[PDB]
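Protein chains in written order, with the authors' numbering: chain V, 2 to 14, 26 to 120; chain U, 2 to 14, 26 to 120; chain H, 2 to 14, 26 to 120; chain E, 2 to 14, 26 to 120.
There are 4 protein chains.
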Amino acid sequence: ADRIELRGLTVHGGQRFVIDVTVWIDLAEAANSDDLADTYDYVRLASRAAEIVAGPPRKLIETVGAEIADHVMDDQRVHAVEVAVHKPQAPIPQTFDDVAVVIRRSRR
Amino acid sequence: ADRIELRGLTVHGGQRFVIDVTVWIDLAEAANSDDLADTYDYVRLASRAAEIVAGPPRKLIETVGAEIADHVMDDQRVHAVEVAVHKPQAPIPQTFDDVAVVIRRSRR
Amino acid sequence: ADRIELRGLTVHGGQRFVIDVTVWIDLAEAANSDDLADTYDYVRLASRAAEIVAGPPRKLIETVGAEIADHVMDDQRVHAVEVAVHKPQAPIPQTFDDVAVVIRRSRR
Amino acid sequence: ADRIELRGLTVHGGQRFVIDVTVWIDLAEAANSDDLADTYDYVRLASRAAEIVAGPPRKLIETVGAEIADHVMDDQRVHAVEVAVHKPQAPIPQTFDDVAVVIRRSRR
């Protein structure tokens, strides 16, 4: 039913990568959280994603997506995640402005 | 079949919150309404949402969404609602530009 | 499988209405058409929609959508249509920037 | 599960055509690729699409979509493709700003 949508994280290897993540996950009780990030910590997600991408050049666009996806899935409360990694292209004519892989995972 | 899409309500606690609501609901007869808001009163929805958010600081982003969602669902003509609350982020590098919870409800 | 997406028709009653239409419909043979509009005539659709909206003030936002929808459905080749009528709001704080009804029809 | 989203290829016959393609297709092993384009070569896709559109004027908007779609489908690793060809309209009042055909194919 409920999801969290994280848009427009700009991370560098530099060549820009723009990342979006959707996380399907039950919202914690109001009684138990002092922020959204207590249900789902998109703060540590954004650091981890910045490290993954900044790391030893071994940085394939789908590899970033798959690692982000699995990282999110480590947390057994996530029913499913959808991770988009966009490499915005230098604007040269007859090419795509934007190329993105979108990775999905879910358990059920 | 038919829905009403309400985009871009900016409400303050201040920190901006941008809210969208979709409402699935049968449209009233042309014979009986003098405006859209007679099918679904997005005018009172926008006040109520501005009060909820402006209120005694106790304002969690998911709490706003859940309350909006339940408020809309009070009206038994609504088959389902989808409420997005967006907290547009101060633009600091390696963070998400936008973080949003999206709440869904439906009866059937 | 195949659809035609018509975005951003601005029509006046004046207060602006912005209309989008999607039409699900089998594409005609290359052998038989000299334009897209020979499969689906979005030219006459845009006139008709401009007349409907410009007409004797009796112009409800859902009424426009329903009439557009039925008009498109008159053509028995259409499997389904989705018509969005948007009334972009004067920007006053704590209100929705945009309010839209979206109408769907399909036969099967 | 996994898809590749290619947005905003501007191609000329001139009248601009803006093309998007989504490709559903299993991502190759990290072990075997040095780029995304090794899973799916959107580089040759963008040339081919620019040739198709630039070619002997015989250029219907749905014909471009269908040819792109079939071309992508030639590669038996693609589970499905969705090709949008947009002809952005000269902005004349009471007409659609944008008219697009969207073609889908899939095997299963």
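The beta-carbon is built from N, C-alpha and C at its ideal position, and this holds for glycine as well.
I want to check one thing, is the minimum distance from the CB of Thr11 of chain V to the heavy atoms of the ligand FMN below 8 Å? With respect to the ligand FMN, the structure offers nothing, as it holds no ligand at all.
Is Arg4 of chain H close to chain E? Criterion is C-beta to C-beta, closer than 9 Å. For this step, residue 4 of chain H is matched to residue 3 along the third sequence. Interface residue, yes.
Which residue wins for smallest C-alpha separation from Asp86 of chain H, given the options H:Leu57, H:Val111 and H:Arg70? As a first step, residue 86 of chain H must be located in the third sequence, where it is residue number 74. Considering only alpha carbons, the answer is H:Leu57.
If we require 4 or more residues per run, which alpha helix (DSSP H) segments fall completely within the stretch 33-97 of chain H? 54-66 and 73-86
8 Å Cβ cut-off: residues of chain V touching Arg28 of chain U: Here residue 28 of chain U refers to the residue found at position 16 of the second sequence. Per Cβ cutoff of 8 Å: no residues; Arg28 of chain U is ~15 Å from chain V at best.
Can you list the residues of chain U that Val111 of chain H reaches, using a CB-CB cut of under 9 Å? Working through the third sequence from its first residue, we reach residue 111 of chain H at position 99. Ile5, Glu6, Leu7, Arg8, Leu48, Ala49 and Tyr54, listed in chain order.
Can you pull the chain H residues whose beta carbon is under 8 Å from the beta carbon of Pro105 of chain E, in chain order? Position 93 of the fourth sequence, counting from 1, holds the residue named residue 105 of chain E. Neighbours of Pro105 of chain E on chain H, chain order: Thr11.
Within 10 Å of its beta-carbon, does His13 of chain V have 16 or more other beta-carbons around it, so buried, or fewer, so exposed? As a first step, residue 13 of chain V is located in the first sequence; it is residue number 12 there, counting from the start. Burial call: exposed.
Do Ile73 of chain H and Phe108 of chain H have their beta-carbon atoms positioned less than 9 Å apart in this structure? Counted from its first residue, the third sequence places residue 108 of chain H at position 96. Counted from its first residue, the third sequence places residue 73 of chain H at position 61. In terms of Cβ geometry, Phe108 of chain H and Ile73 of chain H do not form a close pair [threshold 9 Å].
What three-state label does DSSP hand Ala112 of chain U in the structure shown? Here residue 112 of chain U refers to the residue found at position 100 of the second sequence. It is a strand residue.
Just by C-beta distance, which residues in the stretch 68-81 of chain E are closer than 7 Å to chain H? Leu72, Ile73, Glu74 and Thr75
At the 9 Å Cβ level, is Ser118 of chain V part of the contact set with chain U, yes or no? Along the first sequence, read from residue 1 onward, the residue named residue 118 of chain V stands at position 106. Judged by the 9 Å Cβ criterion, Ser118 of chain V is not in contact with chain U.
Check this for me: beta carbons of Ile64 of chain E and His83 of chain E, under 9 Å apart or not? Here residue 64 of chain E refers to the residue found at position 52 when the fourth sequence is read from its first residue. Here residue 83 of chain E refers to the residue found at position 71 when the fourth sequence is read from its first residue. Contact: yes.
Around the Cβ of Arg120 of chain H, are there at least 16 other Cβ atoms within 10 angstroms (buried) or fewer (exposed)? What you label residue 120 of chain H is simply residue 108 of the third sequence in a count that begins at 1. Under this definition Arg120 of chain H is an exposed residue.
Residue closest to residue 178 of chain E, alpha-carbon to alpha-carbon, out of E:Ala96, E:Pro68, E:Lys99 and E:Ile5: Residue coverage of chain E in this structure runs from 2 to 120, which leaves residue 178 of chain E outside it and unanswerable.
Rounded straight-line distance, which links the Cα of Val55 of chain V to that of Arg117 of chain H: Mapped onto the third sequence, residue 117 of chain H falls at position 105. Mapped onto the first sequence, residue 55 of chain V falls at position 43. In a straight line, the C-alpha of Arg117 of chain H is about 43 Å away from that of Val55 of chain V.
Terminal residues of the continuous beta strand (DSSP E) containing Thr11 of chain U? Taking the first residue of the second sequence as 1, we reach residue 11 of chain U at position 10. From DSSP, the beta strand (DSSP E) with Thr11 of chain U extends over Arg4 to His13.
Any beta-carbon of chain U closer than 9 Å to the one on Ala96 of chain V? Position 84 of the first sequence, counting from 1, holds the residue named residue 96 of chain V. Cβ-Cβ to chain U under 9 Å: no for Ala96 of chain V.
Can you tell me whether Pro100 of chain V is helix, strand or coil according to DSSP? In the first sequence, counting from the first residue as 1, residue 100 of chain V sits at position 88. Reduced to three states, the DSSP call for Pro100 of chain V is strand.
So if DSSP puts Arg120 of chain E in a beta bridge, which residue, or which two residues, is it bridged to? Mapped onto the fourth sequence, residue 120 of chain E falls at position 108. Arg120 of chain E pairs with nothing; no bridge assigned.
Rounded C-beta distance between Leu48 of chain V and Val111 of chain U? I'm assuming under 8 Å. Position 36 of the first sequence, counted from the first residue, corresponds to residue 48 of chain V. Position 99 of the second sequence, counted from the first residue, corresponds to residue 111 of chain U. 7 Å between Cβ atoms; contact.
Note down, in chain order, every chain H residue with its Cβ under 7 Å from the Cβ of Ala58 of chain U. The sequence position of residue 58 of chain U within the second sequence is 46, counting from 1. Simply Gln106, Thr107 and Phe108.
Apart from the five residues just before and just after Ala92 of chain V, which ones in its own chain have a Cβ nearer than 6 Å to its Cβ? Translated into the one-based positions of the first sequence, residue 92 of chain V becomes position 80. Residues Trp36 and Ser118 of the same chain have their beta carbon placed closer than 6 Å to that of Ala92 of chain V, with the five preceding and five following residues left out of the count.
So, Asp3 of chain H versus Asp46 of chain H, is the Cβ gap smaller than 9 Å? Your numbering for residue 3 of chain H matches position 2 in the third sequence. Your numbering for residue 46 of chain H matches position 34 in the third sequence. Cβ distance not < 9 Å, so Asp3 of chain H and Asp46 of chain H don't count as in contact.
Identify which residue in V:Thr11, V:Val113, V:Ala102 and V:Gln106 has its Cα closest to the Cα of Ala61 of chain V. Position 49 of the first sequence holds residue 61 of chain V. For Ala61 of chain V, the nearest C-alpha among the options comes from V:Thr11.
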